[PDB]
Every structure is written in C-alpha cells, then in structure tokens.
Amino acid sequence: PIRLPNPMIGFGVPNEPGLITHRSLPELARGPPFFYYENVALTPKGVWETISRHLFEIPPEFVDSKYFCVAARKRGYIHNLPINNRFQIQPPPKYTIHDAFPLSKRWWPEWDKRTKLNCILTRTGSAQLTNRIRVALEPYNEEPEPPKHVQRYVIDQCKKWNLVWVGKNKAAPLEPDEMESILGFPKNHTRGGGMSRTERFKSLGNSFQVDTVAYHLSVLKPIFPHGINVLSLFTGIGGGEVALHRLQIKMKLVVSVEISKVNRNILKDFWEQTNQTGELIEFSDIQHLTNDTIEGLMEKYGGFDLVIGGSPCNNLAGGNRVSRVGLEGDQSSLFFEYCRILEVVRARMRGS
C-alpha cells in the first residue's frame, strides 16, 4: 500500500532538505513523450496503486504545495521527467500568512497560531459561518481574550473553512483574486470570458498550483531550446500553460481538451493576452476525441513533446459527501481516457 511521504516534499522542494537528484524509471516509462499526471493525494485506498499500475508502475511524487506558497495542496504527480536541476520560477509567491495577507495583522488574534492556509477548494465558507464566529466572539470584546472553549470553536472553524481575519471578529474566506495569486496565476486570469464569480471559485479550486507544476516542468527548458508541442488534457484554466509561460518555454502548439466553455474562454484569453505566437487548438469532450484525431494531429504538427493533465477528482476528494466512490466514478474514471490518449501518443513516438 502506497504510503504518503512525511514531509510531503516529493523528490525535494526549495529551501528544504532531502533533495534527490536521480531516480530509476521502468524502461516502459521512458519517453518520448514526456507526460505529467496530477490528482489529489488523499484518495480512497487503492486509487494511487491503480493509477500507478496504468502509468507504467511509476511511483507518484507526492508534494504539498505549502512549500511553494501560503496554501497547502497535497497532490500526487506521476511523470517521466528528469528530476535533476529543477529550478523555481521567480519571484516565488509569499510563503506565510503574515506576508501573503499584509493587512491581516490588524485583525489577527494572538490565539490563532496559523502561519499557512489549508487547501484551496471549490466550496468556501458561508456568510452565515462568518456571522456565527462574529456572534460567538463579541461577548468578550472588552476582555483581553475569549475563553478557551470559544477559542477552539473559532480555530476549528477557521481551519475547516480556510478563513482569514478581515475585520473586527470577522473571519471570511479567500476572494477569487487571492486564490489566483496563491495558486500562482496572474491577477484577473479568471475574470472575463463569461465566467461568473461562482465559476471562478470552482475553476480555481480545481486548478494547479502553478509554482509547484512549474518547478517540476523546469527541467524541460534545456531539453527543448526551440519550444514544445503540448497535448493538454483536462486543461482547466490553463495551469500547465501558465507554468510553461512562466518558464519561458515556447509553446509551438497546444492541443487543449477541456469540456467547460468558460474555461476554454479563459485559456484563449490567456493565449491572446500573453501574445503567444504558437497555435492553440481547443477540443471540448475528451470522450469524443478519437485515437485517429490524435494521430492526424501528430502527423500534421510532428508529434507531442509533452502530455500534461489532471483528470477529475470529484469521486476521490474527501469533501464529496455523495459520490466519493473512487476511481471508477462517473467523473474520475476519465483518468482512463488520459491513459488511452497517452498510449496513442506513445505508439507514434516510441513504437510497438
């Protein structure tokens, strides 16, 4: 049974001990293409063992993004990239709550000892929870500190719902632009394209932490001095694309597969606003992308150097009350479509 590393540093993270410069991959895992697969680390039992079984028995690299920003993000990455001489994109985001939320020291209690936030999700705290916390605290405003039991309730709720102190006895969730920034996207990346505030919350919650992914992908920069062709599966708001952009790795071509219209609009807006000279091709449903469409695209553009994606985690995530049925859930079973498309790419690039 796969056991999560503690600390969850993968093969090493910046500013920490334990950097590992070499691993040995099964020969079946050898590129081309390079691939990069992502999903949540905290799955039902047996999930990552199965995912590794279908990705050539590559052990996952489990990394918590608290080593890259202020918010935790425990993810598993199966990839066949070299792991020596990674570098981080600069400047790295703010590391602590104090620096990431400069105004918050005005409102932050002595007895809230947090210095990191927890994982950014698709559901945030309600206005009613903020009220319940405010009401619980006011009877003690003239006293220097509320009793220990009301303290622990507020702490337990601030952690459960990833709240920050914004006003007098006011603990509120993160705003979309704060999530964007902590996830390493440029400001306003997800505003526009027809995307509602509600949809911004959801797409940000599902996304990559760009600095974590970029640090992994940085080894590609010396390999491809002339840029890469990219097959982006479950593209989302384009975390993998923003990472390559921040790495100054030219994207000659990106074939993107993303079923959300507003997500595809966010990616096209990014493509135009950053003045990408390459070509963006947008597909919608991965289940309707045929093997021979892939093969035709590779014949036209010369194959794919990188296949990157993160299949849905709906049915794996601990926040799902209703349908956390594991890897064969209606959404998460799309992992096997990632595998199907990846095998088509491998068939052309490496043979058999």
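Each residue number is its position in the shown sequence, starting from 1.
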Taking the mean of the C-alpha B-factors per stretch from the entry, tell me the winner out of 273 to 281 and 127 to 135.
127 to 135
Higher-scoring stretch by recorded Cα B factor average, 147 to 155 or 262 to 270:
147 to 155
Sorting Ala317, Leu28, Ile51, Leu306 by Cα temperature factor from the record, which one lands on top?
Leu28
Highest CA temperature factor in the entry: which of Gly205, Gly194, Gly240, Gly184?
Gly194
Select lowest, middle or highest to describe the third in which the CA B-factor of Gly302 falls within its chain in this entry.
highest
Chain thirds of CA B-factor: placement of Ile20:
highest
Using only modelled residues of the chain, where does the Cα B factor of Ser218 rank: lowest third, middle third or highest third?
lowest
Can you work out whether the C-alpha temperature factor of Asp211 puts it in the lowest, middle or highest third of the chain?
lowest
Taking the entry's C-alpha B-factors for this chain, is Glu178 in the lowest, middle or highest third?
lowest
